[PDB]
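Peer 1: The data below comprise the sequence and an experimental structure of the protein.
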Amino acid sequence: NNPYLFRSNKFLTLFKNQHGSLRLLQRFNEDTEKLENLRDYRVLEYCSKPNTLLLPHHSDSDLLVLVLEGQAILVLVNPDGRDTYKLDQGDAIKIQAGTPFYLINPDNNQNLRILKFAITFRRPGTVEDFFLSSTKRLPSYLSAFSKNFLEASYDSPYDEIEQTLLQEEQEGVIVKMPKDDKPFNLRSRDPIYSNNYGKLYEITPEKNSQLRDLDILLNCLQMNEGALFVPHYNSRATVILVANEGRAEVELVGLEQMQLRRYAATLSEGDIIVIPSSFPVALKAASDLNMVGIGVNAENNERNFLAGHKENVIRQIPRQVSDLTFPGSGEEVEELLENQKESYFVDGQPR
Amino acid sequence: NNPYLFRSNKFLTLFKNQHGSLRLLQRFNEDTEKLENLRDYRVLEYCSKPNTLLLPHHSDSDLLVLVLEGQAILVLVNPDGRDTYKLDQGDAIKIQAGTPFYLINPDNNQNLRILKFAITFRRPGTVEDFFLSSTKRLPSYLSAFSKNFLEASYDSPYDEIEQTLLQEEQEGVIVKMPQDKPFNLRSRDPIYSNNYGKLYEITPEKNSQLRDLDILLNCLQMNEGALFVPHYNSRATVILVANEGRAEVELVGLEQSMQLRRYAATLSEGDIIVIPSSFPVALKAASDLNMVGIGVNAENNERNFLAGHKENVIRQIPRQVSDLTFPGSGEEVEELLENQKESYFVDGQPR
Amino acid sequence: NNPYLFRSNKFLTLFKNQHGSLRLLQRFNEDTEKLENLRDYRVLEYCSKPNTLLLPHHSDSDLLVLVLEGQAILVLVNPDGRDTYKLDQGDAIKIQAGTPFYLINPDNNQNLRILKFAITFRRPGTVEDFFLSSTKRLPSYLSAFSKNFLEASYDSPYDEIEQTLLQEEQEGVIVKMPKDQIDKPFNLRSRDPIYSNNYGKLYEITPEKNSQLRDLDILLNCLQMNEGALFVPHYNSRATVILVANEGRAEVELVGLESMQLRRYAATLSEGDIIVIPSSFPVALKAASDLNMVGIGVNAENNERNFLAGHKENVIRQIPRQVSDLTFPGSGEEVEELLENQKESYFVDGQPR
Ligand SMILES: [Ca+2]
Ligand SMILES: [Ca+2]
Ligand SMILES: [Ca+2]
């Protein structure tokens, strides 16, 4: 059918109560041999109501954390202290594997939506979270040690340790909270494409130290209803495209082991499509839309356009060769390619 | 029967007409578990008659392109222009994934033979080519986009787009013809040169294009009757491609206490043998011969000789220890090892 | 049941005679899908009696070589000459793939015990040895070439080649020595121990501090504990540690997460026994006797050890009162108090109360 399309319903709920939820996308390679280059990566969605705290835990994986909606306070605990960060909409930050952290939605009215990208290394494709808190879904990891180990460790009788640290709590890992390097914004630089129809912002590993270690680019797409992101392809980056707001009509063109395949889907909020490198892709805004792209294998990526005035590789083929490439003449090919005056994003209204 | 040997007949014909052919070697790991270290690599052979053009296309893979015979004009298309390169025999150049390119045989009389080495990353072991031109085998990938997407993109009626770009013009991708440049395998002094043979070798340490791929390229020329004496590579696995003449290869592997096996084959034009790192190998020229070696995992490769005067590791074992290593005496081992006065290449005539 | 535990009996004997032995641990991923991150690595143990020589051979793999007991002379053969190294107890060195070498136990009285860590690249998970010497288990690899190839190569009649290089002389690849006189090794204990109190010491060499370890992305540590001492619950952020019991008996408790579900892996380790400690998994270790252990940490770059008990480097103590109160069933005050009870750091008295 479409091995590149992941609907909101292909997410497993890890935890949910009335205060928020943690969801985990199935392995990219669960249902297809075609995405073995994504086997090390998992996607998570965290959603929390006003005045909520995700209790402290470390992941066995590196995390890229992105605020899709609202605002957050992120605390990273280290062996000798802690670092406290305010995250606004569009703010991203890397959490190093094995750093205990907790996440607060400090807003009194607006929900918090966070996209988490996991880069796994201990057990490729597997993400584990170690929660200090004992809850219905799992006891504290501390509880797995023997009585003698715990008593000697904390120099305290087991009874005190058990009542003070271990006993299974009444809420889960998201609770209501009293008072009832650095983050970087996806839009911290000038957009790389910008006209009356759309904008794309892009942060690359070349320009960002946190993204450099992961070999990842992040982009942020805004388009007006009826705008069309024209046919183009990425030379190196495979892009995990996340629908944030609005509805996107995607056409993806692939070669499969033999056959030429069209992949066409309308994506609503939460929906994900993978755009493999070299595969031509185009995207029409059915409503005003915001989308986030995560590009893996990002180093030295180059975007090649197949329509419009600027960065159109077809326009760069000389008349002599275009004449032999296409049924038209060099003159007819050149003329047709000049008809589109816009670049990158155009009017997608039919005629 | 020799999992390292790939005869010309283990190539699939991807495309062939009266103007030329493109052939693709089976996956190194198709028929053996012994070459998992080569799973990311594929070999292609392109042959074209005089005054031919391979039509513009991009690959999803990095390409090392090497002219085995003749001359080529190579055009690399970028979003803002194009680079044109003359390739002579022995000239190699890396084509970055997603770079549209076309290949002309400008010669009036001599064929063009090209060796293409594919380094895959999107789908390991799979190489895809995206041809702009519609042909009998497959329509243009542009044709896979919807009518509304194409009309909006090119700001032109579908009729004109279809007649100018999309209709099947050529029957095949080979037709009649009306930053950082190629390097020749012999642009440096050969590393071994005597009356019997020469080896030229370009390493990733000395070539910016090879550095990113961790690959070395070597070029072997021997006179009929010359013998390339037993040696092994510490790190590089060498894909050895017979170009001209007939090569008698002896490869020694430790493959089921382990069973010790000789893999002996005579290689003729197109035939490939893989020489795993650490495996002793020798080659006798049955006729005058030329061969090309592609060495992967090339960084810090060191070639250890088991015979001859220079770079002979056995000669470096002191008498006391060689006396315990070999049935001879230290003196008898030292004396025997001094009998061969030549280095690297010797007279291979039967006693 | 415990997929992280490798008893001395999960080693295959590659070679053994009266002079010593070479043993090879089963693939980390032979019996479990949980150790895919260790697929490229193998562990070997070489043991030799006094006055012994392991005959010249190259490996298809990179080798990290560590003297667990006694002393060695290591000779590396290069195309143009040779390098000779003295290795004492706690000395390690990397041997480059394809470098022929020989190993001597020069001591007259003490055995030589060496831990070999193989980093495979030719055939991931496979380590091969190429011996120049013909023995019962295998003829010389030189013998596998045709007569004509050998005669032309050595410019000698096959009879002299065969008598001088090829004939099976030695019974095995470990032989007695008549006379032992006829970037350099580094010691695990060359720096201050990073943890040291009255109960235990840990020494650690990291890729950040050692060029040989940097190219392999490996850290080595060396653990010494007194009977009754306890290495308190902690975890490694990035390094998966292959823990090798050298002397005495260790009681290990390892806590894993494969809903996913919570698992205790408890084992007592005797000499030779190995346990794998995956990164992020809390671990603790009690010395049943005086104990020495060696850790090989892979994926070592930027590893940080987080302690869950004791005063120093205790991540739990760095959670503010307000949040501790919400994290634990106790109150911020009761949590803070309890975490301050243990006055020691890293290693404590493990005696039951
Ligand atoms: Ca040849
Ligand atoms: Ca002898
Ligand atoms: Ca000794």
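Peer 2: Yes, it's here. Residues are numbered from 1 along each chain as shown, chains lettered A, B, ... in the order given. Ligands and ions are numbered 1, 2, ... in the order given.
Peer 1: wait, does stretch A:119-137 contact chain B?
Peer 2: No - judged by CB under 8 Å from any CB of the partner chain, stretch A:119-137 and chain B are separated, with a smallest distance of 13.9 Å. C-beta: built from backbone N, CA, C; applies to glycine.
Peer 1: Run through the residues that contact the spatially most central residue of chain A.
Peer 2: Against the mean C-alpha coordinate of chain A, by CA atoms, centre = their mean, the closest residue is residue A:294 at 5.0 Å. Applying CB atoms under 8 Å, 6 or more residues apart in numbering or on different chains to residue A:294 gives the contacts A:43, A:64, A:117, A:216-218, A:239-240, A:242.
Peer 1: One more: residue A:187?
Peer 2: A:90, A:201, A:220.
Peer 1: Nearest to chain B among these?
Peer 2: Closest approach to chain B among these (CB to the nearest CB): residue A:201, at 19.1 Å.
Peer 1: what helix or strand does the closest one sit in?
Peer 2: In this structure, residue A:201 sits in strand A:198-203 according to DSSP states H and E.
Peer 1: buried stuff in stretch A:147-156?
Peer 2: A:148-156 (16 or more other CB atoms under 10 Å in any protein chain shown).
Peer 1: I meant stretch A:223-238, not that one.
Peer 2: Neighbour-count burial for stretch A:223-238, counted by 16+ other CB under 10 Å, picks out A:223-224, A:226-238.
Peer 1: What about these, which are in strands?
Peer 2: The strands, defined by DSSP state E, take in A:223, A:227-234, A:238 from those.
Peer 1: For the residues you listed, give me CSV that also has distance to chain B.
Peer 2: Below are those laid out as CSV (distance: CB to the nearest CB, whole Å):
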residue, distance to chain B
A:223, 13
A:227, 10
A:228, 5
A:229, 10
A:230, 5
A:231, 6
A:232, 10
A:233, 6
A:234, 7
A:238, 7
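Peer 1: Could you work out the most separated pair of those?
Peer 2: A:227 and A:238 (24.0 Å; CB to CB).
Peer 1: which stretches of the stretch 1-150 of chain A form strands?
Peer 2: Along the stretch 1-150 of chain A, counting by DSSP state E, counting those that start in this stretch, strands occupy A:5-6, A:11-17, A:20-25, A:41-48, A:52-59, A:62-69, A:72-78, A:81-87, A:91-95, A:101-105, A:112-119, A:129-131.
Peer 1: That should have said the stretch 151-300 of chain A, apologies.
Peer 2: Using DSSP E, counting those that start in this stretch, strands in the stretch 151-300 of chain A cover A:174-176, A:184-185, A:193-194, A:198-203, A:216-223, A:227-234, A:238-245, A:248-256, A:259-267, A:272-275, A:281-285, A:289-296.
Peer 1: Not counting its neighbours along the chain, what's nearest residue A:228?
Peer 2: Nearest non-adjacent residue to residue A:228, counting by CB to CB, 6 or more residues apart in numbering or on different chains: residue A:348, 3.3 Å away.
Peer 1: can I assume the one you found is in contact with residue A:283?
Peer 2: No - using CB atoms under 8 Å, residue A:348 is not in contact with residue A:283, being 9.2 Å away.
Peer 1: Quick check: neighbours shared by these two?
Peer 2: Listed as contacting both residue A:348 and residue A:283 by CB under 8 Å, 6+ apart are residue A:228.
Peer 1: Enumerate every residue touching the residue in chain A positioned nearest to chain C.
Peer 2: Nearest residue of chain A to chain C, counting by CB to the nearest CB: residue A:98, 2.8 Å away. Applying CB under 8 Å, 6+ apart to residue A:98 gives the contacts A:58-60, C:235-238, C:279-280, C:304, C:306.
Peer 1: Looking at the residues you listed, which one is closest to ligand 1?
Peer 2: Nearest to ligand 1 among the contacts of residue A:98: residue C:238, at 48.2 Å, using CB to the ion.
Peer 1: Phi and psi next, for that closest one.
Peer 2: phi -130, psi -40 (degrees, to the nearest 10).
Peer 1: Touching, residue A:303 and residue A:311? I think so.
Peer 2: Yes - Residue A:303 lies in contact with residue A:311 (CB under 8 Å); the separation is 6.9 Å.
Peer 1: what do the two both touch?
Peer 2: Common neighbours of residue A:303 and residue A:311, using CB under 8 Å, 6+ apart, are residue B:79.
Peer 1: List the residues that contact the residue of chain A most remote from its centre.
Peer 2: Going by CA atoms, centre = their mean, the residue of chain A most distant from its centre is residue A:157, 45.8 Å out. Residue A:157 is in contact with A:151, C:353, counting by CB under 8 Å, 6+ apart.
Peer 1: try 7 Å this time
Peer 2: With contacts defined as CB atoms under 7 Å, 6 or more residues apart in numbering or on different chains, residue A:157 is in contact with residue A:151.
Peer 1: swap in residue A:246?
Peer 2: Residue A:246 sits in contact with A:285, A:287-290, where contact means CB under 7 Å, 6+ apart.
Peer 1: next one: residue A:264
Peer 2: residue A:251.
Peer 1: go on, the one 3 residues further on?
Peer 2: Taking CB under 7 Å, 6+ apart, we find residue A:267 in contact with A:243, A:247-248, A:250, A:273.
Peer 1: Highest neighbour count among these?
Peer 2: Within the contacts of residue A:267, most neighbours by other CB atoms under 10 Å in any protein chain shown means residue A:248, with 25 neighbours.
Peer 1: so it touches residue A:289, yeah?
Peer 2: Yes - at 5.5 Å, residue A:248 and residue A:289 qualify as touching, with contact defined as CB atoms under 7 Å.
Peer 1: Leaving out chain neighbours, which residue sits closest to the residue of chain A found nearest chain B?
Peer 2: Closest residue of chain A to chain B, CB to the nearest CB: residue A:235 (2.8 Å). Sequence neighbours aside, residue B:98 is the residue nearest to residue A:235 in space, at 2.8 Å (criterion: CB to CB, 6+ apart).
Peer 1: Kindly report the same for residue A:280.
Peer 2: Closest to residue A:280 by CB to CB, 6+ apart is residue A:253, at 4.3 Å.
Peer 1: Name whatever forms a beta bridge with that neighbour.
Peer 2: Going by DSSP bridges, residue A:253 is paired in beta bridges with residue A:262.
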